[PDB]
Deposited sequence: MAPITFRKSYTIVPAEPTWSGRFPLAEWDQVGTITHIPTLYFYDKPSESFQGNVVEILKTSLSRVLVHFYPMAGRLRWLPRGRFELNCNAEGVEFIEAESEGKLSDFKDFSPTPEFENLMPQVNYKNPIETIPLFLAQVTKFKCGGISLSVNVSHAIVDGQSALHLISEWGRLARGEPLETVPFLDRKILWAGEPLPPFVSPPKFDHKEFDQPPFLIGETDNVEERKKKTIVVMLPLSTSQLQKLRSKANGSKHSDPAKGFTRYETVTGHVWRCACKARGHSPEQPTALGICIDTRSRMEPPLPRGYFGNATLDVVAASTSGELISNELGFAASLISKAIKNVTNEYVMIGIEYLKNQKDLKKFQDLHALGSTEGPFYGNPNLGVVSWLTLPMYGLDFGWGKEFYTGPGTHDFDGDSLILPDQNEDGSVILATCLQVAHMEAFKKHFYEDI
């Protein structure tokens, strides 16, 4: 319920480098729409006499000096490629008021009806009118505050978007940058040939293939149209210890290193989805894993590298093998697909994309029979202070998310997007068939 909405354009507070800015291959594939994050704050203490909206606008303007690419626009190039125009056209900031209360919210979680709180984007508009960054602050009726931030995956991954947001808070409190951004995407060979390969590369990565369809049909529009649903499913510390010890008992597990939380939960989720979808045993199925490459390259990417450095790697199996084998088998498929990602693997993946004739077939928003599990377990989300205090909740809006549980260290919450026809069976196996 919204009672006021007023929208402003924010440009950097000082002149900034202007011109044409080429993007890494990872910038131009996968998700190129906006990553949305929500932050909720309690009514500021009586101590606070600053101006909330003005603090936000002013510090955003100052932080855009150091992150000036965020203030630019995209422009299409030939062959599905695109680049950034650093033109300091600016970002959209919205100040809004509501006559709802913080206490009206049933609970806090990526949920719809929150859309009055998020700046909505019209992706059919011409590209040079679409800001890469949109923020909305909303004052509620009893003094609570909400802040949604929406930042293009076409120019950053989630790590770099949260870097931007964190520095925004720091500068609003008047203190210096924690991590200086490294902005030159040439370090990732943006718009440039890779070094020569010593040994010629074998282009055999699973993610180069297109994800399978359901065994009967020949394309996936029928599945794409079906009604889905998001449910939040907690996993307590002890449930995770059970799942993990069960997976480590399998001889596919690594000795001296167990399965991680991500590996275990993701294998469990893949098995549960397979059981719930009632596939024939031969049904191919692929699971997508986001992998941050920053520290996986040699040389590792520079500290504070600002851009997309995350790639989606695929593990694949059949529904019947996943269902019929123990949990450790599935987890070992996840773990093996992750351990494959060495420096050589990354460079071969970039070379593949450089040599593709059209990137449009790797862009825009997967589901049944396939799956994606995005780890949010290490993203520096928490403690964003502008300051009227830290937030009391923050979270994001075929993909499921593994979020940490901000109120019990080590516990997690799966944000699961599945078809309505399969959600009930999924929940049942998720807890029971532990």
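For this session: Identify which parts of the deposited sequence carry no C-alpha coordinates, going from the N-terminal end onward.
Result: Comparing the full sequence with the modelled residues, the uncovered ranges come out as 1-2, 368-377, 410-414.
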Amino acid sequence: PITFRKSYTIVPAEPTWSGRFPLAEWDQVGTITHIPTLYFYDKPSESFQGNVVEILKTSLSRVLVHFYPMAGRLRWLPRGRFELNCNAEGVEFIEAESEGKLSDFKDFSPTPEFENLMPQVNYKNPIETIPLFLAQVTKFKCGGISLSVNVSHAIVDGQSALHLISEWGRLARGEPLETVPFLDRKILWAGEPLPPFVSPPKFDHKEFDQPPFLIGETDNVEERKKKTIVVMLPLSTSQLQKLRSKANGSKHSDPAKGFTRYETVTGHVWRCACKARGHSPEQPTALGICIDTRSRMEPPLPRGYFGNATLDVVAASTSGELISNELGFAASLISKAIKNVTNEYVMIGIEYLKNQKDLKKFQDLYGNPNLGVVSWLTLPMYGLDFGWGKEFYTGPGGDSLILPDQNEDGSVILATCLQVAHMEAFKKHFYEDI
From here on, numbers count along this sequence of modelled residues.
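Problem set entry | 264-272 versus 131-139 - greater average Cα B-factor per the deposited record | Comparing averages over the C-alpha atoms only gives 131-139.
Exercise. Out of 242-250 and 198-206, which stretch has the higher average CA B-factor listed in the record?
Worked result: Comparing 242-250 with 198-206, the higher average CA B-factor belongs to 198-206.
For this session: Can you pull the Cα B-factors for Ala190, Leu183, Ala315, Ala256 from the entry and say which is highest?
Result: Max CA B-factor in the entry, restricted to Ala190, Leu183, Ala315, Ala256: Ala256.
Exercise. In the PDB entry, which of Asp157, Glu99, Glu83, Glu167 has its C-alpha at the highest B-factor?
Worked result: That would be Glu99, according to the entry.
Problem set entry | Third assignment of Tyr352 from its chain's C-alpha B-factors | It belongs to the lowest third of the chain when residues are ordered by C-alpha B-factor.
Problem set entry | Third of the chain's Cα B-factor distribution that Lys226 belongs to, per the entry | For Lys226, whose C-alpha B-factor we compare with every modelled residue in the chain, the answer is the highest third.
Exercise. Of the three thirds of its chain by CA temperature factor, lowest, middle or highest, which one includes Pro369?
Worked result: Its C-alpha B-factor, which the entry lists for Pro369, ranks in the middle third among residues of this chain.
Exercise. Mind checking which third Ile32 falls in for C-alpha B-factor across the chain?
Worked result: Within its chain, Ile32 is a middle-third residue by C-alpha B-factor, going by the deposited values.
Problem set entry | CA B-factor ranking of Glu424, expressed as a third of its chain | As the PDB entry reports it, the C-alpha B-factor of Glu424 lands in the highest third of its chain.
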